Amino acid sequence: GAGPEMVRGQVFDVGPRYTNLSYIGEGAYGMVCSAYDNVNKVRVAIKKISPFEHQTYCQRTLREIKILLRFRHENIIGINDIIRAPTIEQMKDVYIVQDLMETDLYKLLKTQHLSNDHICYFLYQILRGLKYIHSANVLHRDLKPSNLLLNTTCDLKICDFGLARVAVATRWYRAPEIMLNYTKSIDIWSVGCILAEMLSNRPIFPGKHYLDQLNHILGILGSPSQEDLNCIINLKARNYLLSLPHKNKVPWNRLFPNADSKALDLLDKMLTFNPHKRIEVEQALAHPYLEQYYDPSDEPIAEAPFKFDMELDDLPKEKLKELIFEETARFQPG
Ligand SMILES: O=c1[nH][nH]c2cc(Nc3ncc(Nc4ccccc4)c(Nc4cc(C5CC5)n[nH]4)n3)ccc12
């Protein structure tokens, strides 16, 4: 035997099936590598997750595993295999094996300029995948360029469903009502921020903190109306927004001077302050900007709305560890 595999001084115990590890990146309680699968004879992606110190991390890990194993769609990453220890006492990590994509939209927008036809095609695929997520009555809640995977041929897949919930995130893509007070409309806001980013290669609302975010949004949309603030919002935010002087609305064609007129019309409908007046996923897909790709006969929806049989928020982390251990059992030999 070669012993357990390692990446940057950390254990990455995926051998003997998965070898030739190459580091991709890491988060607060996870590390992602590429690996060679000696069974399917292809490179795969492997996310190491260590969530057992916290109840919220345990919830997140179980939600993503349950959602991605149920979900079946071309524009949503799947789970091909799961590695963990043979006993619950030894399980300190969970390894989720997924299809390897060439890059994410964060890295592509950092090095490449997108033509209008590539923006239109990437937007179409995001909303196609989102149409399936929302048809299952699930919210992604963390749509951003780093959670959108791309391959050589331009095929797109949505990943990272840890924050997903049935119907918190990166602040630049957060809907104003998350900061103010959530609903399916928060994902449409995020897609709106991604479209704006694809047009100019720069984040549309790059706030350094929660107040700077709201100031950035108001800087473009202008001061909110009485109806825009008439919702169940926190007193601090309301009083802060009412204390601000008037801000004029910046026309979309002034922010993106050479962007396609149809793309700015859709951008306007997605980046609407009031979530009730914001365009829904089906109407977005049927918008004139996405006409050359819209195909209702080839846009699948979930057979039924997704639901958790248990109250995951209420369960102690020891109970969630047992549910994670049992959920990953079908990937063990037997
Ligand atoms: O879990 C994730 N949430 N958001 C993420 C962004 C990543 N970014 C990423 N960049 C590049 C590649 N491709 C690559 C290929 C060869 C050499 C170096 C990198 C990549 N691929 C990838 C990730 C996944 C699954 C999400 C883990 N499949 N394919 N991901 C990787 C993982 C995640």
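For the reader, a short list of remarks on this structure follows.
- Scattering curve values for region 101-313, log₁₀ I(q)/I(0), Debye with Cα scatterers, q = 0.10, 0.15, 0.16 Å⁻¹: -0.44, -1.00, -1.14
- Cross-link partners of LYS247 among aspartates and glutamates, defined as those whose alpha carbon lies under 20 angstrom from its own and excluding same-chain residues fewer than eight positions apart: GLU177, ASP212, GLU227, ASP228, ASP268.
- For the chain, calculated [θ]222 nm from helices alone, where every DSSP H run of n ≥ 4 adds -39500 (n - 2.57): -10500 deg cm²/dmol
- Basic side chains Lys and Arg get +1 at the Cβ, acidic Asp and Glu get -1 at the Cβ, and with that the dipole of the chain about its Cα centre reaches some 840 debye.
- Taking region 1-74 and dividing mean pair separation by its residue count, relative contact order in percent (alpha carbons under 8 Å, at least six apart): 17
- Once both labels are positioned 7 Å from their Cα atoms along Cα-to-Cβ, the gap between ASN20 and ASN151 label points is 1.8 nm.
- Among the listed pairs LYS48/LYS144; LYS110/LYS249; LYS157/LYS307, those beyond 25 Å (Cα-Cα): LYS110/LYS249
- Between region 82-131 and region 310-334, the Cα center-to-center distance that results, in Å: 24
- Label separation (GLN332 vs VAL250): 5.5 nm, computed from points 7 Å beyond Cα along the C-beta direction.
- Within straight-line cross-link reach of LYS92, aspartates and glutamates at Cα separation under 20 Å, skipping those fewer than 8 residues along the same chain: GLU5, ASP13, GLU26, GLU53, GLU64, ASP81, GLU318, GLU322, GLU326, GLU327
- Per-pair calculated FRET efficiency, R0 = 51 Å: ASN215 and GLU322 via Cβ, rounded to 0.05: 0.65
- Remark: region 76-85, residue by residue, has Karplus-estimated 3J(HN,Hα) of 9, 5, x, 10, 8, 7, 9, 10, 7, 5 Hz, where x stands for each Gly or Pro and the curve is 6.51 cos²θ - 1.76 cosθ + 1.60 at θ = phi - 60°.
- FRET efficiency for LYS107 and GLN226, using Cβ-Cβ distance with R0 set to 35 Å, rounded to 0.05: 0.25
- Extending 7 Å from the Cα toward the beta-carbon at both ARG72 and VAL166 defines two label points whose distance is 2.0 nm.
- Each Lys or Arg adds one and each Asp or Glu subtracts one; over the other residues with Cβ under 10 Å from the Cβ of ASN80, this totals -3.
- Gyration tensor verdict on region 225-275 (Cα atoms; rounded if a/c is under 1.5, prolate if a/b is larger than b/c, oblate otherwise): prolate
- Each residue in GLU74, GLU5 was given a count of other beta-carbon atoms within 10 angstrom of its own, and listing them fewest first yields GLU74, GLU5.
With ideal geometry, Cβ positions are generated from the backbone for all residues, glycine too; neighbour counts draw on all protein chains shown. A short reminder: the numbers here are calculations on the coordinates, not readings from a lab.
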